[PDB]
Amino acid sequence: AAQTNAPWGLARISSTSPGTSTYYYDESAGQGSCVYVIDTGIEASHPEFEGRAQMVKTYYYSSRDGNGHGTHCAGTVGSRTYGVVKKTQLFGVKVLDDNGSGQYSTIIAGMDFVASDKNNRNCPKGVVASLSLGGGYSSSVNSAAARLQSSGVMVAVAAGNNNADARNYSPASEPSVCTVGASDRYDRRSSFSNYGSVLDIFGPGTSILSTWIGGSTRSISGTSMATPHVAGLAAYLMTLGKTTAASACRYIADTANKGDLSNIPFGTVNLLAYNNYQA
Ligand SMILES: [Cl-]
């Protein structure tokens with residue numbers, strides 16, 4: 001399948017070169033997979049989600065996304081125009097308030113929720129969790145992410161936006177989950193992207209067009225935007241039968257575009273998420 005005039009990050013994920021604008025993918029499009037977006041919520045009514053999004057949990061007075069961040073991330077995973085896996089099922093878990101903040105205890109509860117809740121859902125091709133969130137190092141937050149991964153969920157987490165070593169942030173620093181840095185449309189490390197040995201992969205994160213609340217769209221930047229490219233890619237590859245939840249981060253690194261990014265510090269992987277889709 002070909003999507004013309006695609007956001008640059010979707011074209012980049014299906015390309016061996018920067019500078020193209022068509023996204024190419026197998027028409028299976030993550031059907032039969034599930035992605036949990038653990039964030040500020042998802043505006044499930046947005047036409048871009050086509051009824052494939054729903055809120056399953058909130059820790060606040062509403063399940064609605066009063067911020068936009070979670071809607072944007074969910075759009076990069078699985079919206080019809082802005083998404084990597086255009087037929088996945090999206091489940092929203094609101095651990096972040098409408099100011100985009102959340103207590104670590106709530107984030108942990110939301111991870112343990114997804115590990116159980118997947119057993120209430122139909123995801124024959126597998127389960128992914130996308131965590132465009134984090135804060136300072138916490139062994140308890142890393143452990144929660146490790147449990148979720150162990151339970152059979154492909155966990156993708158943002159490296160963080162401090163232009164620093166991600167070893168000092170959680171859940172970025174958890175070794176067993178997929179930690180995602182951000183790049184720009186010229187294959188440079190995004191200026192804000194964390195780096196370090198705990199990164200597994202880079203995905204598009206500068207100037208990413210996706211869904212927003214009020215049935216709208218906008219372009220924003222962050223390792224928050226790179227993470228759902230990888231979460232969507234995992235869901236797509238799991239539907240194709242190419243990998244499993246336990247091995248998808250490894251598989252994505254194995255099949256990445258290698259050595260194409262600039263301003264990658266010595267000792268950080270130079271790997272850019274790639275779907276290796278051949279028509
Ligand atoms: Cl809910």
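Residue positions begin at 1 at the first shown residue.
So how was this one determined? The header says X-ray crystallography, 1.5 Å.
Positions of Cβ are set from backbone N, Cα and C atoms, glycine also.
With a cut-off of 8 Å between CB atoms and residues at least 6 apart in sequence, the same chain places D65, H69, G70, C73, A74, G92, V93, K94, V95, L96, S130, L131, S132, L133 near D39 (active site, charge relay system), listed in sequence order. The active site, charge relay system annotation in Swiss-Prot covers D39 (among others), and the record cites sequence analysis as its basis.
According to Swiss-Prot, the active site, charge relay system annotation covers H69 (among others). Around the Cβ of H69 (active site, charge relay system), 23 further Cβ atoms fall within 10 Å across all displayed protein chains.
Taking Cβ-Cβ distances under 8 Å and a sequence gap of 6 or more within the same chain, the neighbours of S224 (active site, charge relay system) are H69, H72, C73, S132, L133, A158, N161, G205. According to Swiss-Prot, the active site, charge relay system annotation covers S224 (among others).
Annotated Ca(2+) 2 binding site per Swiss-Prot: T16, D260, in sequence order. According to DSSP, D260 (Ca(2+) 2 binding site) sits in a coil region rather than a helix or strand.
Its Cβ taken as reference, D200 (Ca(2+) 1 binding site) is surrounded by 22 other Cβ atoms within 10 Å in the chains shown. According to Swiss-Prot, the Ca(2+) 1 binding site annotation covers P175, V177, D200.
Residues or ranges marked as disulfide bond by Swiss-Prot: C34-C123 (among others). In the shown protein chains, 25 other C-beta atoms lie within 10 A of the C-beta of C34 (disulfide bond).
Cβ contacts within 10 Å of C249 (disulfide bond), excluding its own Cβ and spanning all protein chains shown: 23. Among the features that Swiss-Prot reports, disulfide bond is placed at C178-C249 (among others).
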Cα proximity to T16 (Ca(2+) 2 binding site), best match among recorded positions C34, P175, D200: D200
Listed in sequence order, residues not in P175, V177, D200 with Cβ within 8 Å of the centre of the Ca(2+) 1 site Cβ atoms: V157, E174, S176, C178, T179, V198, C249
Binding-site residues listed as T16, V177, least Cβ neighbours within 10 Å: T16
